[PDB]
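Visitor: Here the sequence shown stands for residues 3 to 79, where the numbers follow PDB author numbering.
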Amino acid sequence: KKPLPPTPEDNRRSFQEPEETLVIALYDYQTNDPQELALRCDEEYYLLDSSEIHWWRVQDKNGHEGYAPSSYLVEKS
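#1: In its own chain, which residues sit with a C-beta less than 6 Å from the C-beta of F17, not counting the 5 before and 5 after it?
#2: Report the partner residues of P8 according to the DSSP bridge assignment.
#3: Which of helix, strand or coil does DSSP assign to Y74?
#4: Is it buried or exposed, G65, if we count other Cβ atoms within 10 angstroms and call 16 or more buried?
#5: Since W57 sits in a beta bridge, which residues does DSSP pair it with?
#6: Does the beta-carbon of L6 have 16 or more other beta-carbons within 10 angstroms, so that it is buried, or is it exposed?
Here is the structure:
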């Protein structure tokens, strides 16, 4: 139905992470589905359910309800 697409190779270190539920996930994920707002690479993640080892869920603060995946995401702390 919908596997995981290819991703960029820029992962290196972390950044901050003192926030509460919000984090970062600096990754340029490509996505147009209005259910999962794509991802740029800035502090725009909130929940991020790790339940899925590839398709998480998140609710940014500006209703940017994206669903950051695991491959296009891996930059926090």
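Beta carbons: idealized from backbone N, C-alpha and C, even for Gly.
Guide: Checking against the coordinates, here is how it stands:
#1: Listed in chain order, the non-local C-beta contacts of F17 below 6 Å within the same chain comprise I26, local neighbours out to five positions each way being set aside.
#2: In the DSSP output, where bridge partners are listed per residue, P8 has none listed.
#3: In this structure, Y74 counts as coil in the three-state DSSP scheme.
#4: The residue in question, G65, is exposed, as its Cβ has fewer than 16 Cβ neighbours within 10 Å.
#5: Note: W57 sits in a beta bridge opposite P71.
#6: Flag for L6 reads exposed.
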